[PDB]
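Observations on the three-dimensional arrangement
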Number of protein chains: 2
Amino acid sequence: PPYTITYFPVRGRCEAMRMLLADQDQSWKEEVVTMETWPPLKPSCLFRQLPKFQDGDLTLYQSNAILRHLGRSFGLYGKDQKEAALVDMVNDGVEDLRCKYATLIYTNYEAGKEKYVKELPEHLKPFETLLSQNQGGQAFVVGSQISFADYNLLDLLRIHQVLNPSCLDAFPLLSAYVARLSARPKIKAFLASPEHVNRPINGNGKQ
Amino acid sequence: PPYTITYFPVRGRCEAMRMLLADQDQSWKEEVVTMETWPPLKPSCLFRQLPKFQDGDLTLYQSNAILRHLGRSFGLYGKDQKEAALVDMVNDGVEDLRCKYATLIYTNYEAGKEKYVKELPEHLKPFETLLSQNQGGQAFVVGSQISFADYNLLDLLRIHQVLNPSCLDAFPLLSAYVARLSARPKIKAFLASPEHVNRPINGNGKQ
Ligand SMILES: N[C@@H](CCC(=O)N[C@@H](CS(=O)(=O)O)C(=O)NCC(=O)O)C(=O)O
Ligand SMILES: N[C@@H](CCC(=O)N[C@@H](CS(=O)(=O)O)C(=O)NCC(=O)O)C(=O)O
């Protein structure tokens, strides 16, 4: 610690790590980058993009690398080696779908939305399946304790319910899971926050 | 162990993990899937895609989760928690470019090649820089020993020299890096093996 997140004024790729830190009782500083401060900041960013994260003397880029680091710092990475590998698997499945939603939103929202929405159940089904194989869907996506991939999947499922309000109809454990995890008191508090409610999900007005 | 890779007849998302295993003196079984056997196997794959990897009784999917699993299993994840964060970030930068190379190859090869090749220096310069900062570029991408991220970046660099043979000309540290790590005796023995040589880089004939 201390922690500082530098990012655009959107939820985007940082709302999962914000919920993690909130649920872990951490406080962090928000360095908001606007349209005017982005073109000069940009060339000093290693992969020329945001997020950027500072944790004491460590500066990190790449949102999943920031989640894996916080996962190691708070013991949110499985109870053993097999479990760590399964948490990585789920998080990459989350990242693949997060990538397709970003392409839809930012590049083909109007024409592609219905297509996207029609293929979506095949992309959500693997998570319903993991949840049924694990402790009756009553616990987390891997194991009996929360991992960084649960914050990232919770975020993904919540932005997709905005995109398509009935997308979890065929998936009961996924609907119960969104409800359960959203009611965790520090996450519930964060989701009610002005900071959370006042920023768009994405940076182009589409949602 | 034992290790079985199930995948299509290509280098694709499996050559980095094949090189890692060879360099580590491991043997593995190759289960090759074809156009005829893929449509029945596809519904049993968790995220409906290959590679699938078996390590004794652990079945994994997601190419980077498999590489992180092997990094954990073989001490190829940096010397401490800060280095592990850095290895994760490097590997995620490789995956972003790997996913753009796959879009060019599979959706836009002929029309996109020139624009892709023009933007490539900007996507390679992050790696050159990383190397500049690490023992003057004479070691690996993070620290003093190899990580799973070096296997993945080396594969990414080698398939980009096939795409555009002069791409590393402005990047002397990356150039030297490819030469150095490809000369590692077990990787060089792998790279000359018919098993490697006869496998196409991609599944559609483009390179
Ligand atoms: N792989 C990167 C992707 C980050 C990325 O795409 N960043 C975007 C912002 S956002 O889509 O995540 O909101 C960016 O900085 N874009 C500005 C630019 O490319 O100039 C990560 O996961 O951190
Ligand atoms: N995130 C997955 C991506 C795997 C993926 O794209 N798999 C392709 C094969 S390849 O492009 O990597 O060669 C596939 O299974 N395609 C068949 C299908 O989607 O039906 C990973 O990293 O492993």
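Structure determination for this PDB entry is given in the record as X-ray crystallography, at a resolution of 2.11 Å.

Looking only at helices and strands, chain A has 9 helices and 4 strands in total. Taking 17 Å as the expected radius of gyration for a compact globule of 207 residues, we find that chain A reaches 17 Å, a close match to that expectation. Within chain A, buried positions represent 55% of all 207 residues. Here the analysis covers contacts within chain A between residues at least 6 apart in sequence; of these, 68% occur between residues at least 24 apart. Just so you have it, chain A exposes about 9,100 Å², and 54% of that area is on carbon and sulfur atoms.

Of all hydrophobic cores here, the largest spans 143 residues; its most connected members are A:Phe53, B:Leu124 and B:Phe127. Element by element, the count of residues in this core is highest for helix α4 (residues 81-107) of chain A, at 11 residues. Ignoring sequence-local partners within four residues, the contact set of B:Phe127 consists of A:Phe47, B:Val90, B:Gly93, B:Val94, B:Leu97, B:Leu153 and B:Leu174.

Moving on, we come to unusual backbone geometry. Backbone phi values are negative for most residues with the exception of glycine, while trans is the configuration of most peptide bonds. Here A:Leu50 and A:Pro51 are connected by a cis peptide whose omega angle stands at 10 degrees. Secondary-structure assignment places A:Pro51 in the loop between α2 (38-41) and β3 (52-55). A positive phi angle is found at A:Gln62, which is not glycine, with a value near 70 degrees. With respect to the element layout, A:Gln62 can be found in the loop between β4 (58-61) and α3 (63-74). For B:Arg48, which is not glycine, the phi dihedral falls at a positive 55 degrees. Here B:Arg48 is to be found in the loop between α2 (38-41) and β3 (52-55). Judged by its relative accessible area of 24%, B:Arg48 falls in the partly exposed class.

Below, the discussion takes up the UniProt feature "domain: GST C-terminal" in chain A. As recorded in UniProt, the feature "domain: GST C-terminal" lies at residues 80-201 of chain A. The span residues 80-201 of chain A shows a helical share of 75% and a strand share of 0%, and its end C-alpha atoms are spaced 34 Å apart.

For the rest of this paragraph, the subject is the domain arrangement of chain A. Frequently, the measure chosen for interface size is the accessible area removed from exposure when the parts meet. Residues and elements named next belong to chain A. Domain boundaries assigned for chain A yield domain 1 (2-76 + 185-206) and domain 2 (77-184). Once you take the C-alpha centre of each, domain 1 and domain 2 turn out to be 20 Å apart. Contacts between the two partners involve 25 residues from domain 1 and, on the opposite side, 26 residues from domain 2. Of the roughly 2,200 Å² buried at the junction of domain 1 and domain 2 (both faces included), carbon and sulfur atoms supply 55%. Of all residues in domain 1, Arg-68, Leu-76 and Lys-206 bury the most surface against domain 2, accounting for 27% of the area lost on that side. Joining domain 1 to domain 2, the criterion identifies 5 salt bridges. Among the secondary structure elements, those contributing two or more residues to the side of domain 1 that touches domain 2 are α1 (15-23), α3 and α8 (185-192).

This brings us to the layout of surface pockets. Considering only enclosed or pocket space, the second largest pocket measures out at about 330 Å³ in volume. What lines the second largest pocket is a set of 17 residues, among which A:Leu46, B:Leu86, B:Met89, B:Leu130 and B:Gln133 lie closest to the centre. Secondary-structure elements contributing two or more residues to the lining of the second largest pocket are β4 of chain A together with α4 (81-107) and α5 (109-132) of chain B. At 3 residues, α5(B) tops the list of elements feeding residues into the lining of the second largest pocket. Considered class by class, the residues forming the lining of the second largest pocket number 9 nonpolar, 6 polar and 2 charged.

Attention now moves to the site of ligand 2. The environment of ligand 2 is made up of A:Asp96, B:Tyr7, B:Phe8, B:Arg13, B:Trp38, B:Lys42, B:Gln49, B:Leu50, B:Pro51, B:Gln62 and B:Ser63. More than one chain reaches ligand 2: its neighbouring residues belong to chains A and B. In the environment of ligand 2, an oxygen atom lies 3.1 Å from a nitrogen or oxygen atom belonging to the side chain of B:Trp38. Residue B:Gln62 places a side-chain N or O atom 2.7 Å away from a nitrogen atom belonging to ligand 2. With the chains in place, 76% of the 550 Å² that ligand 2 exposes on its own is no longer accessible. When grouped by side-chain class, the residues that make up the shell around ligand 2 number 5 nonpolar, 3 polar and 3 charged.

With that settled, the discussion passes to the packing of aromatic side chains. What describes a pair of aromatic rings is the distance from one ring centre to the other and the angle between the planes of the rings. Under the criterion given, the structure shown has 11 aromatic pairs over all chains. Ring geometry for A:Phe127 and B:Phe47: centres 5.7 Å apart, planes at 65 degrees, overall edge-to-face. With A:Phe127 in helix α5 (residues 109-133) and B:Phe47 in the loop between α2 and β3, the pair connects residues from two separate chains. For the pair shown, A:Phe127 and B:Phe47 are each scored as buried. Taking 5.2 Å as the distance between ring centres and 85 degrees as the angle between the ring planes, the aromatic pair formed by B:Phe8 and B:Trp38 counts as edge-to-face. Residue B:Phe8 is located in the loop between β1 (3-7) and α1 (15-23), and its partner B:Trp38 is located in helix α2; the two are separated by 30 residues in the primary sequence. We classify B:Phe8 as partly exposed; its relative accessible area is 25%. Look at B:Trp38 and you get buried, because its relative accessible area is 13%.

Here the focus is the side chain of B:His160. Residues and elements named next belong to chain B. Checked against the element boundaries, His-160 lands in helix α6 (residues 148-163). The class for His-160 is buried, based on a relative accessible area of 0%. Aside from chain neighbours lying at most four places away, what touches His-160 is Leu-97, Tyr-101, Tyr-116, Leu-120 and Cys-167.

With that out of the way, let us pick up the interface of chain B and chain A. Tallying the contact residues gives 28 residues for chain B and 32 residues for chain A. Counting the contacts that link chain B with chain A gives 3 salt bridges. One salt bridge connects A:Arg72 with B:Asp88, and the closest N-O pair in it is separated by 3.0 Å. Of all the secondary structure elements, the ones that give two or more residues to the side of chain B that touches chain A are β4 (58-61), α3 (63-74), α4 and α5 of chain B. At 11 residues, the largest contribution of residues to the side of chain B that touches chain A is made by α4(B). Each residue belonging to the side of chain B that touches chain A can be placed in one class, and the counts come to 15 nonpolar, 5 polar and 8 charged.

How each quantity is defined
- Residues numbered from 1 in each chain as written, not as in the entry; some residues may be left out.
- Chains lettered and ligands numbered in written order.
- Heavy atoms only, no water.
- Helix = DSSP H or I, 4+ residues; strand = E, 2+ residues; numbered from the N terminus.
- Rg over C-alpha atoms; globule rule 2.2 N^0.38 Å.
- Buried < 20%, exposed > 50% of the residue type's maximum accessible area, 1.4 Å probe, protein only.
- Contact = heavy atoms within 4.5 Å.
- Areas by Shrake-Rupley, 256 points an atom, 1.4 Å probe, with all protein chains shown as cover.
- Core = buried A, V, L, I, M, F, W, Y, C linked by side-chain atoms within 4.5 Å.
- UniProt positions renumbered as here; feature names shortened; annotations may be inferred.
- Domains from an automatic or database assignment.
- Buried area = accessible area lost by both parts, 1.4 Å probe.
- Salt bridge = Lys/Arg side-chain N within 4 Å of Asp/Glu carboxyl O.
- 1 Å grid on protein atoms, 1.4 Å probe; cavity = no way out; pocket = protein on both sides within 12 Å on 5 of 7 lines; lining within 4 Å.
- Points joined across faces, edges and corners; volume = space filled by probe spheres on them.
- Nonpolar A, V, L, I, M, F, W, Y, C, P; charged D, E, K, R; others polar.
- Near = heavy atom within 4 Å.
- Polar contact = N/O pair within 3.5 Å; in protein donor to acceptor, adjacent residues only side chain to side chain.
- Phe/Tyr/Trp six-rings, centres within 6.5 Å; stacked < 30°, edge-to-face > 60°.

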